[PDB]
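Take a look at this single chain, the form deposited without the partner chain, given in structure tokens.
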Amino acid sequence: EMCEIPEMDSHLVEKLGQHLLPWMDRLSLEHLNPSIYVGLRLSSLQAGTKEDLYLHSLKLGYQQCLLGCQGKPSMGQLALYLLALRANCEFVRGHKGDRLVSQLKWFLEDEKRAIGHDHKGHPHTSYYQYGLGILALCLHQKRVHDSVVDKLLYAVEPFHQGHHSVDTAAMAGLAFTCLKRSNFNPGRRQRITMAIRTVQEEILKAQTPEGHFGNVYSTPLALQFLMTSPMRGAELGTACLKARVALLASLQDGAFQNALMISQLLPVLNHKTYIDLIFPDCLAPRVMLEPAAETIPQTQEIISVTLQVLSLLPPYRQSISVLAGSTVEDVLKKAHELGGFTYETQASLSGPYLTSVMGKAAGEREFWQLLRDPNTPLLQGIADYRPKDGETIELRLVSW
């Protein structure tokens, strides 16, 4: 059947938008987020004249730093900037536009070379950004060579190496879908068609008993992909409705507070996906967002959190006291304030990313993994996860 998510409560949706609203005023290149802009335009919600200023900031930052800063955007972020142009019914154009396109095309070419004629090699980034970059170029009707598409095809086709997340598979499917709708790689038409089906079954098989596809935060992008095509022979309808039940429970439980996650979910709640950026409808009516007038309550409770790092000699294990409601990053900050602990973060569209712990920076295909007790990886980053009293947070350097 077909993947359909029946509309939800307008108040739940507006609540999501209000989380997104403060970011509309944060125009610092460190804070600028093309994904927020895309997600807001594809939604039923609107920020009014704030949007135009946000877009202008994106145009300033991205075109001056990539063609000229502090930390110019990555190529993956450039791809999302391209999606933002489409969200405003623009095609990338002119000499700056044309050169930005070629930069992204260089990104894919380098990543293709890294993967190799062999297909063992990893991308310097991820297959997620690989798929995202193909999608971005396709949405602006820019063609990539068959050999570039082949890498994404081989990554999901039968007897592929590695294992990919639902998120990564969904982004691949979105790329494939854009190629198919645009008739862009006729020499790979039949393989592209088969890849889309493959991604669909991989995603449905990844559906948990609670209803989510992988986890709660993979469900939005997965639903985006599933919504773009019908699935005959399969029971897509029931799968998507069970995903809705899971999604709804997570919303009412406050699972979606991170801005980029909201920006990936809002299109779904408006029956739209990134594929709607092929033929965008920029003038479709959207409800204006006003600031939530909500009085934030101040806690009076102290909680203690055990912070531990066993990846380093000598190991670190300390009980850190913070106000109830604090984030992991607050715990980290307080550990640093007590002495004996240090760390580093870098900016990303999902917020602060943990790069270094106590002098040790994650190397190639390594990262600092966040875990809680017992041996359970967090589903949120240091700025979003809020530990309970008595919980133990581990920072573990892992290879993937």
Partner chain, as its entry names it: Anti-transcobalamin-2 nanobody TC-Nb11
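Numbering follows the first chain given and starts at 1. Just so we're on the same page, rigid core means the largest C-alpha set that superposes within 1.5 Å between forms.
The protein also exists as the form deposited with the partner chain bound; that form is not presented, and the subsequent description refers to it.
> May I ask you to choose, among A246, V322, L236, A206, the residue with a heavy atom within 4.5 Å of the partner chain in the deposited complex?
Contact residue from the list: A206.
> Quick check on this chain: which one of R286, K272, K180, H164 has a heavy atom within 4.5 Å of the partner chain in the deposited complex?
Exactly one residue meets the criterion: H164.
> Does any part of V156 reach within 4.5 Å of the partner chain in the deposited complex? Heavy atoms only, please.
So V156 counts as contacting the partner chain.
> Check whether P377 has any heavy atom within 4.5 Å of a heavy atom of the partner chain in the deposited complex, and answer yes or no.
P377: contacts the partner chain in the deposited complex.
> Check whether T198 has any heavy atom within 4.5 Å of a heavy atom of the partner chain in the deposited complex, and answer yes or no.
Yes, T198 is a contact residue.
> Is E329 close to the partner chain in the deposited complex, meaning a heavy atom pair under 4.5 Å apart or at it?
No, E329 is distant from the partner.
> If contact means a heavy atom within 4.5 Å, which one of 273-281, 164-172, 259-267, 304-312 is the stretch that engages the partner chain in the deposited complex?
Checking each option against the 4.5 Å cut-off leaves 164-172.
> Superposing on the rigid core, which residue among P285, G94, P158, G233 shifts its Cα by at least 2 Å between the shown form and the other one?
Between the two forms, the residue that moves is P158.
> Looking in the deposited complex, are the Cα atoms of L204 and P158 closer together or farther apart than here, the change being 3 Å or more?
Compared with the shown chain, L204-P158 is closer in the deposited complex.
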